[PDB]
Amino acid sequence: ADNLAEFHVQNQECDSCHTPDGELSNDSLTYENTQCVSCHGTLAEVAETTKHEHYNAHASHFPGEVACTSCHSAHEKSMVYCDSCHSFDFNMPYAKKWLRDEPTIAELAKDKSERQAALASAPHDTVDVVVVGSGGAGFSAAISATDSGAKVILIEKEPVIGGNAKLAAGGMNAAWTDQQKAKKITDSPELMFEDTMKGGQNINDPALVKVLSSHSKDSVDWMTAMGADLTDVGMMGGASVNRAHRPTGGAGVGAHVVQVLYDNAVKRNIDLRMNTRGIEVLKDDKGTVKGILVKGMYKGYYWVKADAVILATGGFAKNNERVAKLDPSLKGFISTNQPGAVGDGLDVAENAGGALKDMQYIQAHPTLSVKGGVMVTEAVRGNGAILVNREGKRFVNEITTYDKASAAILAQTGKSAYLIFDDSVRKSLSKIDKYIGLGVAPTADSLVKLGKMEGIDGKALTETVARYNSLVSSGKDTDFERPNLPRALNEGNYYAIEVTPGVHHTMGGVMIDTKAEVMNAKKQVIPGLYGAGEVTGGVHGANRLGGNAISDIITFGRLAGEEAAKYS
């Protein structure tokens, strides 16, 4: 067979997969995926038949209920979504190589000729608020709005939910929480505010950072009441005390939070539409929002009439062409992001009259695995790992800022360095087991042997670890001044992870005020238009701190949803 439908129709009728009239049920292909499940079982049941020792196409870290048509199309060959970050050995039937080629918003001007017909028709739906983007900010705002009494529609252009939020690991920053108090930490919303401004080089909009620190415990309490586990509190760079919240034992904060928000949206019956891209905010004759034109992958262009639109589309760190224009030093780098984090949400905000700010500030994460091509959390350093170069020595404060850590790593022999840790660090952060499972953390029972495997000077590494361990025991790093030294590297075996920088987060974006209202260049509010999460600029200034983006999306998403509901 040349394609999946053709293979099944050898022994089955069209209506084994299609509705009685033959029309696609909707852009999520809800009915059609229920039929695949009907015969093959759920994703978990299919996963029992495709087991590999350390990976499985049908059992991954993605949260929510991943549709089969996310990877299996029927009438044409299709792509494995995992290939957008990994290169596992797969043999999916009727596959084609991963290639993302999505027209820009500007390029969709070519469809003028179908857009006008859509716009001339009656609205397909009439609701109170449309939320664009199913990352942390967008689910947070959809739930908030709905909880406040508004009818919402939540769209996602991708076939799967979660954006980049689902990939987060290190934590959700908050201060003065009950979770901190249980671990015996002393903190406050004023120290979180202070750490943040200093980390953002004082470019941050102070009124936005105040909302960030003052709503942070609240956001943590909100998530926990919805079912989240945020009781592990670790340390991340540039924080004066531990404040990075995550699930028990140090699992990834990201996939967990997005799974909780999806489960909660599903319980409120929120209208969630996959493969549906927001294209153009529609305004009436006095410039206030009246709706949005969307492009459904399977059903074409239609418009939704609504009083408010909340853009929660994330950043543009996957778009290296746009990144390179703004920061030529990052051209050619690999990204840590999902394939659709390209900035089209910014283009929608601009066409509507919204202004942008801080666009030149782009953050590179210092430690991508050279071997796996994926981020390795800064929490591995926060829980005690050191960085060593090929000569077997320390060369930087490992919990310094992302900008300084990336430059120091790049300055080393080979433009990369190695994370080095033991079983005491490994056991303190369960996320480390995921790196071991990926195959990217070689191990040996002595540093001499470990350096010999990885090409690190073995006897100098042995001396380096002995010297760091005596600094830990003393309480002060006089070589690099790392201010937190939580454990000696001396229990069980040793591990090394080869690491190097990659493009990660865009701190600039659309201009919002403290109610998350989008403004134009004259600082005038555009009525009915909201912005929340990494699509906005002004929260993180010139350098975001680890853990502060998950705090930002929950807080600002929640608030945009409440204000849109009230505006109405």
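All residue numbers refer to positions in the sequence shown, first residue = 1.
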For this session: Give the stretch, out of 6-14 and 556-564, with the larger mean C-alpha temperature factor in the deposited entry.
Result: 6-14
Exercise. Quick one: higher average CA temperature factor, 110-118 or 389-397?
Worked result: 110-118
For this session: Specify which of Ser84, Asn164, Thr276, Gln412 carries the largest Cα B factor in the deposited PDB entry.
Result: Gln412
For this session: Return the residue from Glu45, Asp27, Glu534, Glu32 that has the highest Cα B-factor in the entry.
Result: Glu45
Exercise. Split the chain's modelled residues into thirds by Cα B-factor; is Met519 in the lowest, middle or highest one?
Worked result: middle
Exercise. When the modelled residues of the chain are sorted by Cα temperature factor, does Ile436 land in the lowest, middle or highest third?
Worked result: middle
For this session: Check where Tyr402 lands among this chain's C-alpha B-factors and tell me if it's the lowest, middle or highest third.
Result: highest
Exercise. Should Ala141 be placed in the lowest, middle or highest third of its chain by the C-alpha B factor in the entry?
Worked result: lowest
Exercise. Is the Cα B-factor recorded for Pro63 in the lowest, middle or highest third of its chain?
Worked result: lowest
